[PDB]
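Here's the structure, in structure tokens; my notes come after.
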Amino acid sequence: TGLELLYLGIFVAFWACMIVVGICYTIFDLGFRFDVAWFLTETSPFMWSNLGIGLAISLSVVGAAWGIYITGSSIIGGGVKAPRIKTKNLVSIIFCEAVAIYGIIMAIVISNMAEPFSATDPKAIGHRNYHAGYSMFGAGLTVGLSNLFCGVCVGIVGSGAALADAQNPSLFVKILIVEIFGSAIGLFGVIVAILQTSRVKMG
Amino acid sequence: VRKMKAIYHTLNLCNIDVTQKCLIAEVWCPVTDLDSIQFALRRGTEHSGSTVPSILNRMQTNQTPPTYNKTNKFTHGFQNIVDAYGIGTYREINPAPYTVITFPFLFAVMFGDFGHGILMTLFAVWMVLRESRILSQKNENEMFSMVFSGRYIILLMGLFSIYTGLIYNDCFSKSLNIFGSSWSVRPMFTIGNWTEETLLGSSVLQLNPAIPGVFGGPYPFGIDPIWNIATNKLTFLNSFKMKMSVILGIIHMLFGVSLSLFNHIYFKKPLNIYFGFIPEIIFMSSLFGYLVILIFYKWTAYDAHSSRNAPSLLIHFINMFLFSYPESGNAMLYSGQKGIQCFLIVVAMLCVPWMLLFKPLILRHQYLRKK
Amino acid sequence: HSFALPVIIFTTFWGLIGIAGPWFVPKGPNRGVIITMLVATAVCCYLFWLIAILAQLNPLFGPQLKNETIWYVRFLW
Amino acid sequence: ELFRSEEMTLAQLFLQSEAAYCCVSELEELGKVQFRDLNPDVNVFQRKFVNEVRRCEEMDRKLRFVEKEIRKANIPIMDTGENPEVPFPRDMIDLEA
Amino acid sequence: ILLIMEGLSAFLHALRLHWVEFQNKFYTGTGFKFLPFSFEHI
Amino acid sequence: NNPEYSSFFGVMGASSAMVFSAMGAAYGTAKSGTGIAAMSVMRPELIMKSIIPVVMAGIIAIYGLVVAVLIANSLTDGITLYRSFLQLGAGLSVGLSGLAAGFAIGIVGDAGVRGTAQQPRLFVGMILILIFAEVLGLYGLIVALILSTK
Amino acid sequence: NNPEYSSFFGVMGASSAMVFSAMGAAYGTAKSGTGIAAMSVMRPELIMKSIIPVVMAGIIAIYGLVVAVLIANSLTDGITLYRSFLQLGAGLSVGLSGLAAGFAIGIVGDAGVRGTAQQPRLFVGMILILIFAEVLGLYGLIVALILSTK
Amino acid sequence: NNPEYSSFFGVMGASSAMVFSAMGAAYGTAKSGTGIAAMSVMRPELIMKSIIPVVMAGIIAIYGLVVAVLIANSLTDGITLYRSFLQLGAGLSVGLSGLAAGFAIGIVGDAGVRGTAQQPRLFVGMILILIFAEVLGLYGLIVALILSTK
Amino acid sequence: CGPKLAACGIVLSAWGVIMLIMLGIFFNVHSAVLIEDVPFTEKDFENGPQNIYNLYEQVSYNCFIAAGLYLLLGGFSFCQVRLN
């Protein structure tokens, strides 16, 4: 409980302070400041991009990692009374790593796109470079979070399948279909991230 | 079996003292039916080998008896809903005859769509018309049995809901174009004057100013049918329905303390008739009489030309209780109104100590004298 | 004149019900309830209508209409 | 008159013991009466009419049993007319039989 | 919505106004119900 | 003349007048219904009397509707900002007072129904107790009217 | 004339009208469906009646859709900022009021299904309580329609 | 001339006076309602004494209303920023002091009622304890008038 | 079907025919209260009132036809309430 409440306090306080500021700069007519335009323009497109690339990997890796130990823990625990589980049910781990694969694929593809502008004025940087930095962030975020959720789901359902096998071997083959429906979400994340990436150029 | 079970159950309420030959029992009855029970006792002896007629004496040192009221098809529900909040004290004023209209009236003010008034009327009518059938049908539809036991009261409130829906001039978002109007035809917005504003009104929304000569004047029906279609109608309707509810509530409260005085007179108690009604009615009347007068006064004293910079009713009420009229922002309604506001609240506040303390002090003096 | 006549009509209608009721009503326990029904009906129904008509007198603002309605109310009434 | 709560009285009855069964039946048919309880000690075996009530309870159970057996046979109960009580004598024993 | 639920709503709202806001001026609502002990309850 | 954002506080008033009132009425309903459902198991008859808290939850959403409509009908692009803050104050004052009312109606509308199931005599008490919850929404409405019409 | 940013609020209104209504209708469905499943094992015959809360949660999703569609069809490339705020308010005011009705239908639907299973007489009374939940969504729709069309 | 935002803090005053007082009155009523309802079953005669904490929670909402009215009746578009902060102060002062009084009244008006049925002599003690609760709302009112009138 | 549905069909038949024929009348008399209800278009602020009158006649027929369908629901329901 307590360690969550400390974080929750920071979270609520953060939004409460934004509401105070949002009212303040509105009512004092200072609302010409904090125009989202300068934030989304004076930020470097390379920042957005590299966060995107790193998200694409790391969130996929988190989804896959949860994926792995969630099923693995069950493989081991059922495996004590049913050693047969380990060889076949390991395909869930393979699909969790496939969510990581989807990460590294999309990340490497994104990583080819960025190049230096030799510019610092927003007009000399120009629309293509901003649009690329944002699109790359979007793609990397899309695949990353989609894979994050995909891998956790695959780990959960694959754990279930492993504990089904522990009671009857035939259940594994039948139940395994749900790991596809899990894995597909990560592929959909890839597909969208490709399309978000598909028009980009930098420099 | 039912009759025997009930008889022997009731017989277990009797008593036998150490010297006693008979049984002994006591009953409450209506004073009208003290004869009826004596005839039943005489018959009860005659329906047996016994000769002694089992007669009674009236008891004198009585506790407060169980409370009763007679009922019929039109009054059964009204008494049950009174009893549902609680059974009255003996000889107390009965709310139920006032409730027979008052509850239906407030319901109809609430439920005042003309078409819904008809549909509820129809439902209650189909229950009354089918009464001889329905009394023999399934008891298991308890929902239908409950509303059937309300059928006559539901009908009465249905009728009043028609009447309110008529004054509100609305069935299902529809109004009676059978009527004339205080609104005026488009040519009247174009008398050389206002025609320029009607050319703007030939591209965008416009408000009728209700100016004389253009306006169709005072109106003899309920609400003007045009307020069904007008975009500002809800503002007009709200100004009305608030002010209505206030006056109606005030009147029912003043009737409640009048019923209190009548109850105090029925018990014939000099303290209750004095220290109850007098301070309560004066407190309420001094606030509410002025408020209702102001509500009706504005509709007489103000009109279209005065509308721009017209005062607020609620402010002239608030600044009575608070005195706090800031010599500004609202026009005063009549000469000496500031003095009237001060006087009325002072007169009401001067009533409170009599209820708060002087009645208690007389009760304390009575307990000290009863020694 | 023309506003006061409707008031007199509705005032007289509810008042005359309260007046005539006791003459029309019979003896016995139903009497006082039936008469009280007429009396309270006249009071409440008169007052509710009286407020509505008095509130309809001297309108401080007139109806607001849309452009489309303003054109059509020229011919359809 | 219904503008106020109605007038009532308490009375004390020289209830003859052999009249009492019929007296109660006539007073229950009249219905316009409420008995005061003069027996605060009343309980299943402490009451004055233990056997008569316990007989009525068993007779109700036997009635419920036979009624259910006729209902189980899908036969309608006849359901017509109104009937008086049994008189004061123990003719309820023929109903038990 | 209207004929059923807002009807029952209005019914109960006005009933409540009766039970306290009106009745509390004058009606004590404390006592014992007179019960007609009768064969009517069969 | 008047600020562009001026209507924002007005419409957030109108929304708030509803939203918080609906949250109040929702909680009030939800709690009461849960109690009613639970009690009805041994009480097939009390149901129709037991719904009373639920209706008292409903009127809170209506008090919100009154103010929300009043504000909405008095919005315009040209609104004087001062009118918009009046309307915001109104919409919060009914909205959150209705929320508070809904909390009290909920807890009362659970416990009172349970107590009435255990002891029918509680009913009158529960009525009175529930009035002192629902009146919060009314006080919210009173000030919200004063503000919106000032 | 108008700010190019300004359609953002009306769009957040169109989104909100759906999203918060969906969160509501989802929660109401989810709670009720759990209840139906946990009831059915004992009383399968009740399913065809005890489904009603889910249908009412569906109504909330519709109230969202109505306003969301209405806002979206009312948007324009240079929208008046005042109209954009009206749409935001419509969007929240249905959207969150639908959330509140979704909470209410959820809690009442789950508890009221268990109650019905344990006492079938409850079902007729439960419907009243469920309408008193679902109407909060409708009051939110009333205001949202008013704001969008004002 | 005075800053046009200045009326914002004034309406935040009137709202806070009402809202927080309603939150206090709600929690005072809710806890008291649970208490009275849970208690009633063992000693039903105690309800008409045991309502009194609820009345006190009602009085807290009245103290909020008195301030919220007085603020609202005093506002104007031209309002000097000084007076607007006074009104915010008054609003928070009564409102949160009422919330405080409502927390006390709730906890006391629960536990004291549940004690009172076990031991009736507690009742006078519970009243005396509650005086020292309800007075917090009065101190909030006292400060709130002293602020908002000067 | 069942008798409950037939009883509802009787009520909606009567109420429907009443309101729908009254609408058919209010549309055929071209009543001004119906301006917000008629599905008018920009082309009805041209040529003259004959354009709106053609629409008022068509909508008057809609309500007359719907009333005819509610007479059929009536006749059906008066059979079903006896048959079920």
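Identifiers for the structure tokens are assigned positionally: chains receive A, B, ... in sequence, residues are indexed from 1 per chain, and ligands are indexed from 1 in the order shown.
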Using only C-alpha atoms and a distance of at most 7 Å, pull out the residues of chain F that contact chain H, as a PyMOL selection string.
chain F and resi 82+85-86+89+92-93+96-97+100-101+103-104+107-108+111-112+115+118-119+121-122+125+129+132-133+136+139-140+143+146-147
Least-squares fit on all C-alpha atoms, paired in order: put chain G onto chain F and return it as a short mmCIF file (atom, residue, chain, number, x, y, z; two decimals) with C-alpha atoms, in the first residue's frame.
```cif
data_model
loop_
_atom_site.label_atom_id
_atom_site.label_comp_id
_atom_site.auth_asym_id
_atom_site.auth_seq_id
_atom_site.Cartn_x
_atom_site.Cartn_y
_atom_site.Cartn_z
CA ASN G 1 -14.96 43.72 -25.55
CA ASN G 2 -14.82 40.33 -23.70
CA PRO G 3 -12.10 37.61 -24.12
CA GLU G 4 -13.07 34.93 -26.67
CA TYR G 5 -11.69 32.28 -24.27
CA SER G 6 -14.00 33.46 -21.49
CA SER G 7 -17.05 31.20 -22.07
CA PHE G 8 -14.82 28.26 -21.06
CA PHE G 9 -15.52 28.77 -17.33
CA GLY G 10 -19.33 29.05 -17.69
CA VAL G 11 -19.27 25.93 -19.86
CA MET G 12 -17.18 24.09 -17.26
CA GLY G 13 -19.92 25.26 -14.86
CA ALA G 14 -22.68 23.75 -17.04
CA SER G 15 -20.71 20.55 -17.35
CA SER G 16 -19.83 20.44 -13.65
CA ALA G 17 -23.43 21.04 -12.67
CA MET G 18 -24.39 17.83 -14.37
CA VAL G 19 -21.25 15.76 -14.00
CA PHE G 20 -20.64 16.00 -10.29
CA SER G 21 -24.38 15.72 -9.63
CA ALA G 22 -24.44 12.61 -11.77
CA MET G 23 -21.44 11.11 -9.93
CA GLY G 24 -23.41 11.76 -6.74
CA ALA G 25 -26.78 10.45 -7.90
CA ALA G 26 -25.00 7.44 -9.41
CA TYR G 27 -23.13 6.59 -6.20
CA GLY G 28 -26.29 7.09 -4.12
CA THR G 29 -28.26 4.89 -6.48
CA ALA G 30 -25.54 2.24 -6.70
CA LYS G 31 -25.11 1.91 -2.94
CA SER G 32 -28.87 1.87 -2.30
CA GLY G 33 -29.57 -0.65 -5.05
CA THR G 34 -26.96 -3.03 -3.65
CA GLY G 35 -28.64 -2.70 -0.25
CA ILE G 36 -32.15 -3.27 -1.67
CA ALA G 37 -30.99 -6.38 -3.50
CA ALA G 38 -29.19 -7.80 -0.43
CA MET G 39 -32.30 -7.02 1.69
CA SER G 40 -34.97 -8.30 -0.74
CA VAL G 41 -34.11 -11.99 -0.38
CA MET G 42 -35.37 -11.86 3.19
CA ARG G 43 -38.08 -9.14 2.93
CA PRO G 44 -39.45 -8.69 -0.66
CA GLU G 45 -42.44 -6.67 0.58
CA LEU G 46 -40.07 -3.87 1.66
CA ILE G 47 -38.86 -3.09 -1.92
CA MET G 48 -41.73 -0.71 -2.80
CA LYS G 49 -40.86 1.39 0.33
CA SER G 50 -37.07 0.83 0.58
CA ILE G 51 -36.63 2.19 -2.98
CA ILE G 52 -36.94 5.81 -1.70
CA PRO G 53 -33.14 6.53 -1.46
CA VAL G 54 -32.83 5.87 -5.20
CA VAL G 55 -35.63 8.36 -5.89
CA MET G 56 -33.82 10.96 -3.78
CA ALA G 57 -30.58 10.26 -5.63
CA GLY G 58 -32.65 10.95 -8.78
CA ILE G 59 -33.55 14.35 -7.29
CA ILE G 60 -29.83 15.20 -7.18
CA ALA G 61 -29.48 14.38 -10.83
CA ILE G 62 -32.38 16.81 -11.42
CA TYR G 63 -30.69 19.60 -9.38
CA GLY G 64 -27.69 19.18 -11.67
CA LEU G 65 -29.86 19.29 -14.77
CA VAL G 66 -31.63 22.48 -13.65
CA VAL G 67 -28.40 24.42 -13.25
CA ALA G 68 -26.74 22.89 -16.29
CA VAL G 69 -29.70 23.88 -18.49
CA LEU G 70 -29.87 27.32 -16.86
CA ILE G 71 -26.19 28.04 -17.48
CA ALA G 72 -26.33 26.70 -21.03
CA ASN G 73 -29.41 28.80 -21.97
CA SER G 74 -27.61 31.82 -20.41
CA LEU G 75 -24.38 31.45 -22.51
CA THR G 76 -23.60 33.87 -25.40
CA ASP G 77 -20.86 34.14 -28.08
CA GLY G 78 -19.27 37.22 -26.39
CA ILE G 79 -20.25 36.55 -22.73
CA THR G 80 -19.18 38.98 -19.96
CA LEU G 81 -16.33 37.30 -18.03
CA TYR G 82 -17.99 38.12 -14.70
CA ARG G 83 -21.17 36.28 -15.84
CA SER G 84 -18.99 33.34 -16.98
CA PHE G 85 -17.47 33.08 -13.49
CA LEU G 86 -20.87 33.27 -11.83
CA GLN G 87 -21.94 30.34 -13.98
CA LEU G 88 -18.78 28.35 -13.07
CA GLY G 89 -19.54 28.89 -9.40
CA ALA G 90 -23.16 27.91 -9.83
CA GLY G 91 -22.00 24.80 -11.64
CA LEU G 92 -19.54 23.61 -9.03
CA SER G 93 -21.73 24.71 -6.15
CA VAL G 94 -24.70 22.58 -7.17
CA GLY G 95 -22.49 19.96 -8.81
CA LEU G 96 -20.27 19.12 -5.86
CA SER G 97 -23.04 19.75 -3.28
CA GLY G 98 -25.00 17.14 -5.21
CA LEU G 99 -21.93 14.90 -5.04
CA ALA G 100 -21.97 15.37 -1.25
CA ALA G 101 -25.70 14.58 -1.01
CA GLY G 102 -25.08 11.56 -3.29
CA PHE G 103 -22.46 10.23 -0.88
CA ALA G 104 -24.85 10.84 2.04
CA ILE G 105 -27.95 9.25 0.44
CA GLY G 106 -25.70 6.37 -0.62
CA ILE G 107 -24.28 5.52 2.80
CA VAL G 108 -27.59 6.14 4.61
CA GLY G 109 -29.64 4.32 1.97
CA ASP G 110 -27.50 1.18 2.06
CA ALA G 111 -27.21 1.02 5.88
CA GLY G 112 -30.83 2.14 6.41
CA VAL G 113 -32.18 -0.57 4.15
CA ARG G 114 -30.35 -3.25 6.21
CA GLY G 115 -31.62 -1.55 9.37
CA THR G 116 -35.22 -1.54 8.06
CA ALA G 117 -35.04 -5.21 7.14
CA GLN G 118 -33.89 -6.04 10.67
CA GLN G 119 -36.34 -3.55 12.34
CA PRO G 120 -39.23 -2.13 10.21
CA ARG G 121 -39.82 0.73 12.71
CA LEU G 122 -36.63 2.34 11.33
CA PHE G 123 -38.17 3.23 7.94
CA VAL G 124 -40.13 6.28 9.20
CA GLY G 125 -36.97 7.66 10.92
CA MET G 126 -34.71 6.79 7.96
CA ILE G 127 -36.78 9.10 5.73
CA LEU G 128 -35.92 12.06 8.01
CA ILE G 129 -32.20 11.23 7.79
CA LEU G 130 -32.48 10.84 4.01
CA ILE G 131 -34.15 14.27 3.71
CA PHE G 132 -31.27 15.67 5.79
CA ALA G 133 -28.98 14.19 3.14
CA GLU G 134 -30.97 15.24 0.07
CA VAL G 135 -31.40 18.87 1.21
CA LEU G 136 -27.64 19.45 0.80
CA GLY G 137 -28.27 19.15 -2.93
CA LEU G 138 -31.07 21.66 -2.55
CA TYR G 139 -28.85 24.16 -0.68
CA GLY G 140 -26.35 23.77 -3.53
CA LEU G 141 -29.22 24.48 -5.92
CA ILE G 142 -30.22 27.59 -3.95
CA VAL G 143 -26.75 29.05 -4.28
CA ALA G 144 -26.39 27.96 -7.88
CA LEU G 145 -29.66 29.67 -8.82
CA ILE G 146 -28.54 32.79 -6.92
CA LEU G 147 -25.19 32.95 -8.73
CA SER G 148 -26.60 32.30 -12.20
CA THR G 149 -29.32 34.99 -11.81
CA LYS G 150 -27.33 37.58 -9.74
#
```
Can you tell me which residues surround residue 5 in chain C at a distance of at most 12 Å, considering only C-alpha atoms, apart from same-chain residues fewer than 3 positions away, and format the answer as a PyMOL selection string?
(chain B and resi 218-221) or (chain C and resi 1-2+8-12+53)
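Interatomic distance, CA of residue 213 in chain B to CA of residue 49 in chain C: 26.9 Å.
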Within 9 Å of chain H, which residues of chain B show up when using only C-alpha atoms, listed as a compact mmCIF listing (two decimals) with N, CA, C and O atoms, in the first residue's frame?
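As a result, iface-v4.txt now contains:
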```txt
# COMPACT_ATOMS: atom_id res chain seq x y z
N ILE B 315 -33.06 39.18 -5.33
CA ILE B 315 -32.26 40.17 -4.61
C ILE B 315 -33.12 40.95 -3.60
O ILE B 315 -32.73 41.07 -2.45
N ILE B 318 -33.57 38.52 -0.70
CA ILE B 318 -32.30 38.32 0.01
C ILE B 318 -31.96 39.54 0.87
O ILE B 318 -31.67 39.43 2.06
N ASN B 319 -32.07 40.74 0.29
CA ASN B 319 -31.84 41.99 0.99
C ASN B 319 -32.96 42.40 1.94
O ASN B 319 -32.77 43.36 2.68
N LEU B 322 -31.29 39.84 4.87
CA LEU B 322 -29.97 40.39 5.15
C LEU B 322 -29.95 41.92 5.30
O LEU B 322 -28.87 42.47 5.52
N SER B 324 -29.41 44.00 3.23
CA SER B 324 -28.13 44.45 2.64
C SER B 324 -28.24 45.13 1.27
O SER B 324 -27.33 45.02 0.45
N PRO B 326 -27.48 47.72 -1.33
CA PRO B 326 -26.27 48.56 -1.36
C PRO B 326 -26.51 49.95 -1.97
O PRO B 326 -25.62 50.52 -2.60
N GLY B 329 -27.35 49.15 -7.95
CA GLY B 329 -27.41 47.88 -8.70
C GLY B 329 -28.82 47.36 -9.01
O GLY B 329 -29.05 46.82 -10.09
```
Please report as an MDAnalysis selection string which residues of chain B come no farther than 8 Å from chain C, using only C-alpha atoms.
chainID B and resid 97:98 100:102 105 167 183 185:187 201:210 217:223 226:227 229:233 240 244 248 296 299:300 302:304 306:307
Could you list the residues in chain A lying within 10 Å of chain G, using only C-alpha atoms, and format the result as a PyMOL selection string?
chain A and resi 35-37
Keeping N, CA and C atoms for every residue in the selection just given, could you write it to a file as a PDB file, in the first residue's frame?
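Written out: out23.pdb:
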```pdb
ATOM      1  N   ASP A  35       1.926  28.370 -25.183  1.00  0.00           N
ATOM      2  CA  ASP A  35       1.361  27.939 -26.447  1.00  0.00           C
ATOM      3  C   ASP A  35       2.174  26.725 -26.897  1.00  0.00           C
ATOM      4  N   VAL A  36       1.489  25.590 -27.018  1.00  0.00           N
ATOM      5  CA  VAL A  36       2.056  24.271 -27.303  1.00  0.00           C
ATOM      6  C   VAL A  36       2.939  24.271 -28.542  1.00  0.00           C
ATOM      7  N   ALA A  37       2.693  25.214 -29.441  1.00  0.00           N
ATOM      8  CA  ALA A  37       3.499  25.496 -30.599  1.00  0.00           C
ATOM      9  C   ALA A  37       4.996  25.592 -30.280  1.00  0.00           C
TER      10      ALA A  37
END
```
Could you list, as a list in words, every residue within 10 Å of range 45-47 of chain D, counting only C-alpha atoms and ignoring same-chain residues fewer than 2 positions away?
residues 9, 11, 12, 13 and 14 of chain B; 39, 40, 41, 42, 43, 49, 50, 51, 53 and 54 of chain D
How would the residues just picked look written out with N, CA and C atoms as a short mmCIF file (atom, residue, chain, number, x, y, z; two decimals), in the first residue's frame?
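The result, written out as selection_30.cif:
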```
data_model
loop_
_atom_site.label_atom_id
_atom_site.label_comp_id
_atom_site.auth_asym_id
_atom_site.auth_seq_id
_atom_site.Cartn_x
_atom_site.Cartn_y
_atom_site.Cartn_z
N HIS B 9 -57.16 -18.43 19.60
CA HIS B 9 -56.11 -17.43 19.77
C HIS B 9 -56.60 -16.23 20.58
N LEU B 11 -59.28 -16.06 22.59
CA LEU B 11 -59.65 -16.49 23.94
C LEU B 11 -58.46 -16.51 24.90
N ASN B 12 -57.24 -16.77 24.42
CA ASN B 12 -56.04 -16.74 25.27
C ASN B 12 -55.66 -15.35 25.82
N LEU B 13 -56.29 -14.27 25.36
CA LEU B 13 -56.11 -12.92 25.92
C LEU B 13 -56.85 -12.69 27.26
N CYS B 14 -57.78 -13.57 27.65
CA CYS B 14 -58.60 -13.42 28.87
C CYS B 14 -57.83 -13.70 30.18
N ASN D 39 -53.38 -11.15 29.58
CA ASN D 39 -52.54 -12.31 29.86
C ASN D 39 -51.07 -12.10 29.42
N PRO D 40 -50.28 -11.23 30.09
CA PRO D 40 -48.87 -11.00 29.75
C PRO D 40 -47.99 -12.26 29.77
N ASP D 41 -48.38 -13.28 30.55
CA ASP D 41 -47.72 -14.58 30.66
C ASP D 41 -47.99 -15.55 29.49
N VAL D 42 -48.79 -15.16 28.48
CA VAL D 42 -49.19 -16.05 27.37
C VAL D 42 -47.97 -16.62 26.61
N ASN D 43 -47.94 -17.94 26.44
CA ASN D 43 -46.92 -18.71 25.72
C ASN D 43 -47.52 -20.08 25.31
N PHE D 49 -55.78 -22.07 26.51
CA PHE D 49 -56.34 -22.95 25.48
C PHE D 49 -55.24 -23.63 24.65
N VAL D 50 -54.30 -24.28 25.35
CA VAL D 50 -53.12 -24.95 24.75
C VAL D 50 -53.57 -25.96 23.69
N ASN D 51 -54.39 -26.93 24.10
CA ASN D 51 -54.78 -28.05 23.25
C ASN D 51 -55.61 -27.58 22.05
N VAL D 53 -55.70 -24.69 20.37
CA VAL D 53 -54.83 -24.09 19.35
C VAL D 53 -53.93 -25.16 18.72
N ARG D 54 -53.28 -26.03 19.50
CA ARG D 54 -52.41 -27.09 18.94
C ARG D 54 -53.17 -28.05 18.02
#
```
Looking only at helix (DSSP H, G or I) from DSSP on the backbone, list the matching residues of chain C as a PyMOL selection string.
chain C and resi 4-24+30-56+67-72
Chain D: which residues are strand (DSSP E) by DSSP, as a list in words?
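Answer for chain D restricted to strand (DSSP E) is residues 8, 9, 10, 11, 12, 13, 34, 35 and 36 of chain D.
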Kindly save the residues from that selection, with N, CA and C atoms included, as a short mmCIF file (atom, residue, chain, number, x, y, z; two decimals), in the first residue's frame.
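New file selection.cif:
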```cif
data_model
loop_
_atom_site.label_atom_id
_atom_site.label_comp_id
_atom_site.auth_asym_id
_atom_site.auth_seq_id
_atom_site.Cartn_x
_atom_site.Cartn_y
_atom_site.Cartn_z
N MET D 8 -63.40 6.90 20.47
CA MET D 8 -63.24 5.51 20.90
C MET D 8 -63.52 5.37 22.41
N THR D 9 -63.76 4.15 22.87
CA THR D 9 -63.91 3.84 24.30
C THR D 9 -63.34 2.47 24.65
N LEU D 10 -62.89 2.31 25.89
CA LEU D 10 -62.52 1.04 26.51
C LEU D 10 -63.69 0.53 27.38
N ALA D 11 -63.93 -0.77 27.37
CA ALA D 11 -64.95 -1.41 28.21
C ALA D 11 -64.46 -2.74 28.78
N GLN D 12 -64.99 -3.13 29.95
CA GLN D 12 -64.66 -4.35 30.68
C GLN D 12 -65.83 -5.32 30.70
N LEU D 13 -65.60 -6.54 30.25
CA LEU D 13 -66.61 -7.52 29.88
C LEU D 13 -66.69 -8.65 30.92
N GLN D 34 -61.36 -4.26 19.27
CA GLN D 34 -59.98 -4.66 19.54
C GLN D 34 -59.82 -5.12 20.98
N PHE D 35 -59.43 -6.38 21.19
CA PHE D 35 -59.19 -6.92 22.53
C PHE D 35 -57.90 -6.38 23.13
N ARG D 36 -57.98 -5.90 24.38
CA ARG D 36 -56.83 -5.72 25.26
C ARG D 36 -56.32 -7.09 25.71
#
```
Using only C-alpha atoms, find the residues of chain B whose closest atom to chain I is at most 9 Å away, then write them as an mmCIF file with N, CA and C atoms, in the first residue's frame.
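File part-v2.cif, as written:
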```cif
data_model
loop_
_atom_site.group_PDB
_atom_site.id
_atom_site.type_symbol
_atom_site.label_atom_id
_atom_site.label_comp_id
_atom_site.auth_asym_id
_atom_site.auth_seq_id
_atom_site.Cartn_x
_atom_site.Cartn_y
_atom_site.Cartn_z
ATOM 1 N N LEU B 119 -52.865 9.759 -20.471
ATOM 2 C CA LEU B 119 -52.456 8.354 -20.433
ATOM 3 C C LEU B 119 -52.571 7.758 -19.024
ATOM 4 N N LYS B 174 -45.993 19.744 -27.869
ATOM 5 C CA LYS B 174 -47.022 20.278 -28.786
ATOM 6 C C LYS B 174 -48.009 21.174 -28.026
ATOM 7 N N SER B 175 -48.496 22.243 -28.653
ATOM 8 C CA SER B 175 -49.327 23.289 -28.021
ATOM 9 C C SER B 175 -50.552 23.669 -28.871
ATOM 10 N N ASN B 177 -52.511 25.678 -31.013
ATOM 11 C CA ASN B 177 -52.676 26.713 -32.047
ATOM 12 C C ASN B 177 -54.148 27.085 -32.333
ATOM 13 N N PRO B 225 -48.990 29.713 -27.135
ATOM 14 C CA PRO B 225 -48.503 28.582 -27.927
ATOM 15 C C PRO B 225 -47.115 28.754 -28.548
ATOM 16 N N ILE B 226 -46.721 29.990 -28.877
ATOM 17 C CA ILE B 226 -45.422 30.302 -29.480
ATOM 18 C C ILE B 226 -44.257 29.855 -28.589
ATOM 19 N N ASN B 228 -43.791 27.133 -27.220
ATOM 20 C CA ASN B 228 -43.349 25.775 -27.540
ATOM 21 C C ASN B 228 -42.172 25.750 -28.530
ATOM 22 N N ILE B 229 -42.113 26.695 -29.475
ATOM 23 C CA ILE B 229 -41.131 26.698 -30.580
ATOM 24 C C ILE B 229 -39.976 27.687 -30.368
#
```
Do you know which residues are at most 12 Å from residue 51 in chain I counting only C-alpha atoms, after dropping those on the same chain fewer than 3 positions away, and could you put them as a PyMOL selection string?
(chain C and resi 72) or (chain I and resi 30+38-48+54-58)
